[PDB]
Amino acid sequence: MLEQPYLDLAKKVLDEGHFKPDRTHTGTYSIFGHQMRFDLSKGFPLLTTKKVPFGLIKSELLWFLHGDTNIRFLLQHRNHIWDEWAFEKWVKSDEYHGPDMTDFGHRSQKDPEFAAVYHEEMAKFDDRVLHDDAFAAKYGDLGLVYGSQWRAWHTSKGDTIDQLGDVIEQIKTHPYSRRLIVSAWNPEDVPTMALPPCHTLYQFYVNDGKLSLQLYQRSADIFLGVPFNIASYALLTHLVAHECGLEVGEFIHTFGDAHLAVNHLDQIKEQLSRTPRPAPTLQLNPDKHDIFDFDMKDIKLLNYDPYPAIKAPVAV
């Protein structure tokens, strides 16, 4: 079925990946270099063998797409994927006056009595970002994230490039171009960012009226990360194809280091017992064409019928 490539990457890491330490007290099993294809005319690759929240995956992408770097848009669609990086900033800053909150990510997962204060402060931090304008502008704004790297790359003569807007324009006028490339890796920010981007670079490709997209992903968490990554970029393929009025082609997903966390073996094995169902269909608004001004209600998912979600611990 559509998703087999992903079930094949999980199996491949299980009986083939080697043990490799990382930023965590536990390790990972990992491989290096891996490529998968999804024919997007076959259906949309949201996993069926595990419930994946599309609304999250899509409100994040819109954010990227508007070139926004402020958490606030996200909070307003109840999407919190990005709160820990914002709130970190808050905490290491003058203006903050609360229980230190040092190394809160690790310590969220030991103490059930800290994990309860972290969850209080965070709710207030989210609250202030949502209502206090001055506040958002100071700690709601992440600075370097995909949205500005895509739509406002800072030059050396202090202006701004919209890589993606220009690229889309190129697709419209030089479809056979071999240089349709949006990159998110700036070698001058990289050594001082707490997260240099995982989604390093991608490249668009046109042939016979079809748009395809290859993603170069330096590092992928097979269980938690890669199910979301797949849908993000398959959605982007669709949106760009829609804006250029091209038919949709293939999403190619290339990896550097694909890993599975050692405390996720059981969950992943559980996943491999399930038998894929038919893929959902994606469905974009026909009246609206500028994808830059797309909203939530413009992108529908149809016939998504997943297995239950698989809760799992996180890696810290």
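One rule holds for the numbers: they count along the sequence shown, beginning at 1.
Of the two segments examined, 189-197 and 221-229, it is 189-197 that shows the higher average Cα temperature factor in the deposited entry. Of the two segments examined, 254-262 and 284-292, it is 284-292 that shows the higher average Cα temperature factor in the deposited entry.
Per the PDB record, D94 has a higher Cα B-factor than any other of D162, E243, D94, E169.
For the set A152, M122, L235, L142, the PDB entry assigns the largest Cα B-factor to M122. In this PDB entry, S108 carries a Cα temperature factor that places it within the highest third of its chain's modelled residues. Among the modelled residues of its chain, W90 has a C-alpha B-factor that falls in the highest third, as given in the PDB entry. In the deposited entry, the Cα temperature factor of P175 places it in the middle third of its chain's modelled residues.
Among the modelled residues of its chain, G147 has a C-alpha B-factor that falls in the lowest third, as given in the PDB entry. Sorting the modelled residues of the chain by their CA temperature factor places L7 in the lowest third.
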